[PDB]
Amino acid sequence: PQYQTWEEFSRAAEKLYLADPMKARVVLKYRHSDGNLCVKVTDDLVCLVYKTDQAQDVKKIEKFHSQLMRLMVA
Amino acid sequence: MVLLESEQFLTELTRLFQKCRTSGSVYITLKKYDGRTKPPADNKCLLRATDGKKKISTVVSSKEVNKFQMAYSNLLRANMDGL
RNA sequence: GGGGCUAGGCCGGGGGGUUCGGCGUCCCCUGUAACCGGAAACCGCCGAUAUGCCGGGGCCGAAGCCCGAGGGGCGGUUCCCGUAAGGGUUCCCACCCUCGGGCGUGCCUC
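In order, the protein sequences belong to chains C and D.
The first sequence begins at 2 in PDB author numbering and counts up one residue at a time.
Under PDB author numbering, read the second sequence as residues 1 to 39, 51 to 94, first letter to last.
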């Protein structure tokens, strides 16, 4: 299930994490030669995915990665 | 595989992005890590990066998060361009 | 049950290209807590028992490993409708679970 509304994608992602953090993983994939990136979050049953080629997302995403470490760590 | 210091993972990851501009994908897996080294603390996160060929990784824990978060968040921003 | 062993297992898997065909170096999609080093498209190891070769290391250890069915799921792909965007669909499938089989479940000691 791909998302478009980033702000919802996060809202799911973090719930999927909170539900089972030692199961849930978070992948990021970037491809300069195609000028686009993808972000995946998943325990191995449910899967949440967000593809984009928009400069504006990099911030949301870096401040999402930034947001998730916190919770895994503390 | 290359398990690296939080600090050195970044100068590696940053050097990785630069190999894969004219081609290749660059992955960054990031997940909660329980220190496991074979088949019991839980206060650590783990980052893997790879271009399909060379793999690097690092473990980040509470003491070095605020430092890492910043320089990583800031790293990504400088290297995820072309959009 | 505890201790000491050995047999063995894991240290990735898949799609494309190429091949008579099976692996690899190439490209691509993807896992792990988890391999280092060397050579390889004038080719490297192979022959349906083919699913790589050589050198070195770590871990696990009778632990496992392999074959089949279904479900979750990713990336492809077949065919059909459409002018297109889209929509339906066939067959594979990283990653995960369930069930069912096959080989193994050894040696010593307290």
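Ideal placement from N, C-alpha and C gives every residue a C-beta, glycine not left out.
Per DSSP, what are the beta-bridge partners of residue 49(D) in this structure?
Missing from the coordinates: residue 49(D), inside the break in chain D from 39 to 51.
Rounded to the nearest angstrom, what separates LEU46(C) and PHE79(D) at their Cα positions?
30 Å
Thinking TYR83(D) and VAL28(C) are a contact (beta carbons under 8 Å), I'd like their distance in whole angstroms, please.
So it is not a contact: roughly 16 Å between Cβ atoms.
Is it buried or exposed, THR69(D), if we count other Cβ atoms within 10 angstroms and call 16 or more buried?
Flag for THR69(D) reads buried.
At a CB-CB cut-off below 9 Å, which residues of chain C make contact with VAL71(D)?
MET70, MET73, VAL74
Could you tell me whether any Cβ in chain C is nearer than 8 Å to the Cβ of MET91(D)?
Interface residue, yes.
Got a sec: which bits of the region 20-36 of chain D sit with their beta carbon under 9 Å from any beta carbon on chain C, in order along the chain?
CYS20, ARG21, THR22, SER23, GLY24, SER25, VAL26, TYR27, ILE28, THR29, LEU30, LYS31, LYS32, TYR33, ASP34
From the DSSP output, read off the bridge partner residues of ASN37(C).
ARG32(C)
So that I know if they touch, is there some Cβ in chain C lying closer than 8 Å to that of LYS78(D)?
no
Under the rule that 16 or more other beta-carbon atoms within 10 Å means buried, what is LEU72(C), buried or exposed?
exposed
Distance, Cα to Cα, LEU16(D) vs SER6(D)?
15 Å
From which residue to which residue does the beta strand (DSSP E) around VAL2(D) run?
2-4
Please tell me whether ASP54(C) has its Cβ less than 8 Å away from any Cβ of chain D.
yes
Run through chain D and tell me which residues come within less than 7 Å of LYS61(C), C-beta to C-beta.
What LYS61(C) touches in chain D: nothing, since even the nearest Cβ is about 11 Å away.
Does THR14(D) come out as helix, strand or coil in the three-state DSSP assignment?
helix
Can you tell me the Cα-Cα spacing of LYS64(D) and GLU15(C), whole angstroms?
30 Å
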